[PDB]
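Descriptive analysis of the structure
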Amino acid sequence: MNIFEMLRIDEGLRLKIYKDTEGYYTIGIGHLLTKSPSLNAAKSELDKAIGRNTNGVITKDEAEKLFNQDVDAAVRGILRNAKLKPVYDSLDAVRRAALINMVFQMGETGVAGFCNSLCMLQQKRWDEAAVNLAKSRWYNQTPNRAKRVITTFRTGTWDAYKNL
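Below you will find a few notes about this structure. Numbers attached to residues count from 1 within each chain as its sequence is written and can disagree with those in the entry; no residue without coordinates is shown. Calculated side-chain values reflect all of the structure's heavy atoms, with hydrogen atoms and water omitted.

**A word on a nonpolar patch on the surface**
Heads up, the rule is: For patch detection, residues must exceed 30% relative accessible area and be free of salt bridges, and they are connected within 9 Å for like charges or within 5 Å for nonpolar side chains (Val, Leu, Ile, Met, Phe, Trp, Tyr). Each accessible area value is a Shrake-Rupley result obtained with a 1.4 Å probe; residue values ignore everything except the protein chains displayed when judging cover. The rule for a salt bridge is simple: a side-chain nitrogen of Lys or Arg has to be within 4 Å of a carboxyl oxygen of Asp or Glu. Numbering of helices and strands runs from the N terminus, with a helix taken as a DSSP run of H or I at least four residues long and a strand as a DSSP run of E at least two residues long. The buried label goes to any residue with under 20% of its type's maximum accessible area, the exposed label to any with over 50%, and the partly exposed label to all in between, with areas taken from a 1.4 Å probe on protein chains only.
A contiguous nonpolar surface patch, about 280 Å² in accessible area, is contributed by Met1, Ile9 and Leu164. You can see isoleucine 9 is positioned in helix α1 (residues 3-11). Look at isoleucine 9 and you get partly exposed, because its relative accessible area is 32%.

Now the structure itself:
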């Protein structure tokens, strides 16, 4: 297992514009197009992202291209963030993937919101972090995904992602 396989499990793959769990227009492997209510606004973002007239539909290779970019950007975002970098640097490889997964979902700003949990992770208090992570809108809104990421932080293994 690796970050790519992990996110493909959590996000799925869809080749037509769809609305995510928050109702925002999305395509591919969780690539957010826009928070605007307008389908036209989303189609225009899509075309600009892909570099062609797509009419709301993309290929598998295009989806994977967006995904590669988005994972690289989340990794580079963590490494330039003064709050996140010291946490990521402290973690083992499996737990680093869990942090990337959170940043991919909710952005840098949203994760820097979890400062209590981040301080517990940096100190390697895994059971305590896992409890604090769950007291969040994130856990309440997407509990099955949150539980997989939290389990990965608690254990430092890929066990939540094997068998599905």
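**Regarding the nonpolar core**
For clarity, the cut-off: Think of a nonpolar core as a cluster: buried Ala, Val, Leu, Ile, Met, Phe, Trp, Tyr and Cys residues, connected wherever their side-chain atoms sit within 4.5 Å. Pairs of residues are marked as contacts when any of their non-hydrogen atoms sit within 4.5 Å.
In this structure, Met102, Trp138 and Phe153 are the most contacted members of the largest nonpolar core, which totals 36 residues. The dominant element in this core, judged by the number of residues it contributes, is helix α5 (residues 93-112), at nine residues. Beyond its immediate sequence surroundings of up to four residues, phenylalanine 153 is in contact with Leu91, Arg95, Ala98, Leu99, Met102, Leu121, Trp126 and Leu133. Among the nonpolar cores identified, the runner-up in size contains nine residues, and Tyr25, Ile27, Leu33 and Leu46 belong to it.

**Regarding unusual backbone geometry**
Unlike most non-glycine residues, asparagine 55 shows phi in positive territory, near 55 degrees. The topology assignment puts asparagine 55 in the loop between α2 (39-50) and α3 (60-80). Using a relative accessible area of 60% as the deciding quantity, one classes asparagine 55 as exposed. Even without a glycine there, the phi angle at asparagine 163 is positive, about 80 degrees.

**Examining the packing of aromatic side chains**
Let me state the cut-off plainly: The criterion for an aromatic pair is that two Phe, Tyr or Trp rings (for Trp, the six-membered ring) have centres within 6.5 Å, with stacked assigned to planes under 30 degrees apart, edge-to-face to planes over 60 apart and tilted to the rest.
Overall, the coordinates contain four aromatic pairs when judged by the stated rule. An angle of 85 degrees between the planes, with centres 5.5 Å apart, marks the rings of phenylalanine 4 and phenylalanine 67 as edge-to-face. Of this pair, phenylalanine 4 sits in helix α1 while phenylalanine 67 sits in helix α3, and the two are 63 residues apart along the sequence. Look at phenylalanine 67 and you get buried, because its relative accessible area is 6%. Ring geometry for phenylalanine 114 versus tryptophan 138: centroids 6.0 Å apart, planes at 90 degrees, classification edge-to-face. Within this pair, whereas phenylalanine 114 is found in the loop between α5 and α6 (115-122), its partner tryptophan 138 is found in helix α8 (residues 137-141), the two being separated by 24 residues in sequence. Considered together, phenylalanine 114 and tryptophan 138 belong to a single accessibility category, that of buried residues.

**Side note on the packing of α1 against α5**
Stated precisely, the cut-off is as follows: Interaxial angle, 0 to 180 degrees, is taken between N-to-C directions of lines fitted to C-alpha atoms, where a helix line uses only the stretch in contact. Note that the term roughly parallel is reserved for angles under 35 degrees, roughly antiparallel for angles over 145, roughly perpendicular for angles of 65 to 115, and oblique for everything else. Take the far helix as the reference: if the near one is turned anticlockwise from it by less than a right angle, the crossing is left-handed, and if turned clockwise, right-handed. Each residue gets one label: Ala, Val, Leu, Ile, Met, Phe, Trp, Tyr, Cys and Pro are nonpolar, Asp, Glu, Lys and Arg are charged, and the others, such as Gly, are polar.
For the pair α1 and α5, the least separation of the axes is 10 Å and the interaxial angle reads 45 degrees. As summarised for this structure, α1 and α5 are arranged oblique, according to the angle between their axes. Crossing geometry of α1 relative to α5 is assigned as right-handed. Taken together, the residues of α5 that come into contact with α1 (itself represented by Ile3, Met6, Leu7, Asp10 and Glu11) are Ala97, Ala98, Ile100, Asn101 and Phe104. Split into classes, the residues belonging to the contact of α1 with α5 amount to seven nonpolar, one polar and two charged.

**Focus on the sheet that holds strand β1 (residues 14-19)**
For the record, the criterion: Two strands qualify as a pair provided DSSP detects at least 2 bridges between them.
Taken in spatial order, the three strands line up as β1-β2-β3 in an open sheet, and their pairing is antiparallel. At either margin of the open sheet sits one strand with a lone partner, and together these are β1 and β3 (31-34). Averaged over all pairs of adjacent strands, the angle between their axes in this sheet comes to 25 degrees, without regard to strand direction. Note: strand β2 (residues 25-28) against β3, three bridges, orientation antiparallel.

**Focus on the pairing of β2**
Taken together, the three bridges between β1 and β2 define a ladder with antiparallel strand orientation. Looking at the pairing, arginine 14 lines up with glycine 28 of β2. Where β1 folds back onto β2 in an antiparallel hairpin, the turn is made up of five residues, including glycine 23, whose phi is positive at roughly 85 degrees. If you look at the hairpin formed by β2 and β3, you'll find two residues sitting between the two strands, and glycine 30 has a positive phi there, around 70 degrees.

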